[PDB]
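Novice: these are from a larger complex, still in place; more later:
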Amino acid sequence: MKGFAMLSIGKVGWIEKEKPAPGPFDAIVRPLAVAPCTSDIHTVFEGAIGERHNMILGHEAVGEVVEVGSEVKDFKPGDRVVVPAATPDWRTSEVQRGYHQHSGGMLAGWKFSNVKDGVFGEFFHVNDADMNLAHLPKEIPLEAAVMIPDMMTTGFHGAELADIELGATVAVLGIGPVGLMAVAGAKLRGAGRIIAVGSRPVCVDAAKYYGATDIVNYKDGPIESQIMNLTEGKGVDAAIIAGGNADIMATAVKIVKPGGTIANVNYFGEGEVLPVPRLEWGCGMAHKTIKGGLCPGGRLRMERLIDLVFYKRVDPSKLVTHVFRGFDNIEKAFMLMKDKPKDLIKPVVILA
């Protein structure tokens, strides 16, 4: 089997791997639709996770099960499934603590394109199929379903961490695909006013579609000053960080009111320290909670997000601005995430 892989830092290319074999609890999946992510770019060209050699990229996929182990019971060859980006080992002490995202170590729940070959191949390996796969209903299109493995679960997690009360005012810092799902997530938690911060017009339109009531362009002035004018000095009840540099952490604390919550799902890939402003954090005593979490994975997380799409609570197809067909177009879609045109949100490659 072939696979679009990271040869080394700054280099990508196709490689031939021996098709993987499933353990007694594992499954082999061929992809029906894949999507590249900004994480793949940070991994290859910035060394976000360190040095990697000959590692197939990609972690957002929808596929068909072709082979299962002798102990796999809920999945058989021919089943269309949604594969979460996080496929942890479910038999660790961190799972018994309630944090499967860190099963076996910090962020160790994320295996694809990290500690194992990713989904950008003719086949890929899923560990613990009965715990890390969810059946895909036929009524959900592939381009919509491939938004569930990473974009939907991450953005919604930012809304979960934000501890949104009914009618609260929420700010979403960054309206990329994750941020757009955070806006939709904030709406799904009963937020009243949703202030979205971003500039790209294609993102602003998608943000309004998902529930944003105000748009703050960080080109029209400082984010902090704009939001304080919108909220008439009250600030926001919660801020969801879905993009930006390390400085955006300071912006979030400044706009959240005392007792509120700063929920980060953004990946800070550079800098030794994330700044927390001393005065705006009450010198340590303002009850401004700061959370930061990896997206949940596993079967149950996927099944619940599938129900949200199935019952028309959120339509993630607005994230898909580019659709390609064919295994070869994985490279072009990946290079699109590196160039990042102003009309791109998320590209999807459809496979035979």
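Specialist: In hand now; what should we look at? Numbering: from 1, shown residues only, chains lettered A, B, ... in the order given.
Novice: going forward, measure contacts between C-alpha atoms and count neighbours the same way
Specialist: OK.
Novice: how about stretch A:299-315: buried residues?
Specialist: A:299, A:301, A:302, A:303, A:305, A:306, A:309, A:310, A:314, A:315 (16 or more other Cα atoms under 10 Å).
Novice: how close does residue A:212 sit to residue A:340?
Specialist: The spacing between residue A:212 and residue A:340, counted by Cα to Cα, to the nearest Å, is 23 Å.
Novice: Contacts only, for residue A:333.
Specialist: Contacts for residue A:333 were tallied using Cα atoms under 8 Å, 6 or more residues apart in numbering; they are A:35, A:36, A:324, A:347, A:348, A:349.
Novice: measure it to residue A:352 for me?
Specialist: 16 Å.
Novice: In this structure residue A:315 contacts residue A:305, no?
Specialist: No. Using Cα atoms under 8 Å as the test, residue A:315 is too far from residue A:305 to be in contact (11.0 Å).
Novice: related to what we said a few turns ago, among the buried residues of stretch A:299-315, which two are most distant?
Specialist: A:299 and A:315 (20.3 Å; Cα to Cα).
Novice: Helix, strand or coil: sort out residue A:51 for me.
Specialist: Under DSSP: H, G, I helix; E, B strand; the rest coil, residue A:51 falls in the coil class.
Novice: list the contacts for it?
Specialist: Contact analysis of residue A:51 by Cα under 8 Å, 6+ apart lists A:8, A:9.
Novice: how far away is it from residue A:95?
Specialist: According to Cα to Cα, residue A:51 and residue A:95 sit 28 Å apart.
Novice: Report the separation between residue A:112 and residue A:220.
Specialist: The spacing between residue A:112 and residue A:220, counted by Cα to Cα, is 39 Å.
Novice: to the structure above, add chain B:
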Amino acid sequence: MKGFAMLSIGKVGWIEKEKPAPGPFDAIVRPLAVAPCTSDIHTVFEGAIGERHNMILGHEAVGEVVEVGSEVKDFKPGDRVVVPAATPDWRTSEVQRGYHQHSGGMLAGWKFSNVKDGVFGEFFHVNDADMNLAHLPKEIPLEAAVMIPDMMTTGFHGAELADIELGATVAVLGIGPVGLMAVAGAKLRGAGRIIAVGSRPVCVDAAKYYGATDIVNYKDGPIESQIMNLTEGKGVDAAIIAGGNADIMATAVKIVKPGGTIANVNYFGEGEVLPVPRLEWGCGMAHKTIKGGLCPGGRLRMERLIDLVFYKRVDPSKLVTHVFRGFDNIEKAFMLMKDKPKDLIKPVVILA
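Specialist: Time to bring in chain B:
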């Protein structure tokens, strides 16, 4: 002044009262729109809370401030306000515990038509105006605004108590006005599948409008078997009780899965005991949490729900099936709530 009052258990009529006088922190409001509730029916004709004498009924009103105390700071005569059904004293020990609904004793946060003259009069008294009143934006119609004081905050409270996770399956037992707002609340908490139980078609249509994906009519068979068939034996993650007799508590426990939650906002006016089925409650060990709460009130609760209506997260005007004009039609609206025609959800009397 005039006011539709409870003469005794089973008797209602107009009575003559002394126009109320405000304390230094209080406000006098004349009603602009009022709505009767089922609670008044349980109070008068079932003796659910005991004997009352010449107590003006009603607790759902949008009004105009006509007089304020010397220490009221945020409200002046002429301000259109939304008056929460629950107007507690905010300087008690129960408020410091986080349960203002029971400020001064069980259910003591609910004063109108309970321990104080209600809103069905030419004027009524609001205690602690700066803490128990919210300004009404011009953009919200009166017939919609009067759904906020009680119907919206109660139904949404059922959804809050239910501890709904994103994509969870929620059953709403009873789709009267409170149940319909519980359906809307469940959607606002990110519920996927929402199973609504009721029979009246006007309620069924409203349930579908507010987010119900399935309708269970308790005329077509036992509720438990229908819901267990719908969920393929899994049960529901949460059940919100918004109507029915004491037996509906047993129905809720039977359909909620182990680890789920039964959230009751229904007001049981008859029976000595609410039944909890032993076996289906795991003989005490199934982790099926049972909650039951009076609706939140106060200025902040009203302001947050106003933002939900203002930013078009929920449209409560669909609850209003009958609109009348005039003090005389308060009697007609109250009696409609006693007979409950098959086409009634919520009546509103406009006093423009």
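Novice: again for the contacts of residue A:333, chain B present now?
Specialist: A:35, A:36, A:324, A:347, A:348, A:349 (Cα atoms under 8 Å, 6 or more residues apart in numbering or on different chains).
Novice: Count the neighbours of residue A:130 for me.
Specialist: 18 (other Cα atoms under 10 Å in any protein chain shown).
Novice: correct me, but it touches residue A:72?
Specialist: Yes. Using Cα under 8 Å, residue A:130 is in contact with residue A:72, at 6.3 Å.
Novice: Just the ones in strands from the contacts of residue A:333, please.
Specialist: When the contacts of residue A:333 are checked against strands (DSSP state E), the matches are A:35, A:324, A:347, A:348, A:349.
Novice: Of all pairs in the residues you listed, which one is the farthest apart?
Specialist: The span of those, defined through Cα to Cα, is set by A:35 and A:324 at 10.0 Å.
Novice: what do the two both touch?
Specialist: Residues touching both residue A:35 and residue A:324 (Cα under 8 Å, 6+ apart) are A:333, A:347, A:348, A:349.
Novice: would you turn those into a markdown table with distance to residue B:6?
Specialist: Listed next are the shared contacts of residue A:35 and residue A:324 as a markdown table, based on distance: Cα to Cα, whole Å:
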| residue | distance to residue B:6 |
| --- | --- |
| A:333 | 72 |
| A:347 | 66 |
| A:348 | 66 |
| A:349 | 69 |
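Novice: Pick out whichever of those residues sits closest to chain B.
Specialist: Chain B has its nearest neighbour among these in residue A:348, at 24.3 Å by Cα to the nearest Cα.
Novice: What count of nearby residues applies to the closest one?
Specialist: 27.
Novice: does it have beta-bridge partners, and which?
Specialist: Applying DSSP bridges to residue A:348 gives these bridge partners: residue A:323.
Novice: can you slot in chain C too:
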Amino acid sequence: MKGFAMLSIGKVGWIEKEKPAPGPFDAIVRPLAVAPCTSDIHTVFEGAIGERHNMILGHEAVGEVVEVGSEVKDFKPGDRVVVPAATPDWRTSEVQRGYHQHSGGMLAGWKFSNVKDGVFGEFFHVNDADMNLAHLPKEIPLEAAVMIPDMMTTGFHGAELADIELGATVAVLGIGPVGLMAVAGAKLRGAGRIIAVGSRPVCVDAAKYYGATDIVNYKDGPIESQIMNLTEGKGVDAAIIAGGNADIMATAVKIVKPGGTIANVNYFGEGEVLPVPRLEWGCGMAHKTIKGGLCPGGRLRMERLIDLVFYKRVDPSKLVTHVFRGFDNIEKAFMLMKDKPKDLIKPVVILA
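Specialist: Take a look at chain C, now in place beside the chains above:
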């Protein structure tokens, strides 16, 4: 292999079974100390879980690993271990929801003396050793360690469910071994006043040792009136049910103040319905939360309770009023559990 077994409903005795074989993830353990439970009595003489034939009884044991499967990684033959009473399958959807006690179905986390042979034999089988075993420190005596598998985790779970705030007043209804650990748990959650309800003097003395500040004997009058007099009408912030018939549920609701919590760990083995008093539950609106849960199990739960004993946070050896030596005295300890002398709390059998 010898084993004390439930022959049928109402009959027990020693039988010879084929020594069990471990699966690749399992372990074979020989017991060093065991304890009978009230649950074993309900199973044999009341048919609580139905008819059983030649099922070895017992679920509280501390032992030595004698054999492990090829995939067990943290335990080798010779390791002294604490075996939790609940040894669930850790690869189910209920584990992903956070309720391992119901892994595979209601209460299905409890396997010993239910769906598999218990610990009252020369050897027993532990499923998923790396997830369901904890190492036993040498400094902890066997008679103390064998209180961890069930009594400590159940009683402490009652304290966890009660949502105890620092300085709150907690009542524990029933001071058997589980109730005594609920008293200790309430102290470990920062309870101020702890009112323990019981009659047997050996139980009263243990309750005082574990932190009880007041003793209510239900022979001196109704529990409700006694507790309301002690708290001067305030009631308690939480009530932990650790014993009694179904009527104790109504008693619990009557003494808890509005906004409090009723946390049940008791096993109700009789009655079709557990009564919840309508009026004292606020007619459904008193914010009196009712919880009821099976005890937590698994490796992490045992390791944490082991640390509580190791670092001298709780001494469970005071629960042990009878210690016998010898494999044969399992019969005497089990029968002692049925006769219930006034000086008995928990008996322990030491082996070899």
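Novice: What about the buried residues of stretch A:299-315 again, now that chain C is present?
Specialist: Judged by neighbour count using 16 or more other Cα atoms under 10 Å in any protein chain shown, the buried positions of stretch A:299-315 are A:299-311, A:313-315.
Novice: What of stretch A:10-24?
Specialist: For stretch A:10-24, a neighbour-count test (16+ other Cα under 10 Å) marks A:12, A:14, A:15, A:22, A:23 as buried.
Novice: Just want the phi and psi numbers for the closest residue to the fourth one other than its chain neighbours.
Specialist: Residue nearest to residue A:22 in three dimensions, not counting chain neighbours: residue A:69, with 5.7 Å by Cα to Cα, 6 or more residues apart in numbering or on different chains. Per-residue torsions, residue A:69: phi -70, psi 170 (degrees, to the nearest 10).
Novice: before we move on, what about residue A:54?
Specialist: Here is the backbone geometry of residue A:54 (degrees, to the nearest 10): phi 60, psi 40.
Novice: so the closest residue to it other than its chain neighbours is in which element?
Specialist: Setting aside the residues directly before and after it, residue A:54 is nearest to residue A:7 in space (Cα to Cα, 6+ apart), at 4.4 Å. Using DSSP states H and E, residue A:7 maps to strand A:2-8.
Novice: Spit out the contact partners of residue A:67.
Specialist: Counting by Cα under 8 Å, 6+ apart, residue A:67 makes contact with A:22, A:27, A:28, A:29, A:76, A:77.
Novice: Go through those residues and name the one nearest residue B:249.
Specialist: Nearest to residue B:249, judged by Cα to Cα, of these is residue A:76 at 40.3 Å.
Novice: So that closest one is in contact with residue A:68, correct?
Specialist: Yes. Between residue A:76 and residue A:68 there is a contact at 6.6 Å, judged by Cα under 8 Å.
Novice: In terms of neighbours, single out the busier of the two.
Specialist: Neighbours were tallied for residue A:76 and for residue A:68 using other Cα under 10 Å; the higher tally belongs to residue A:68 (25 against 16).
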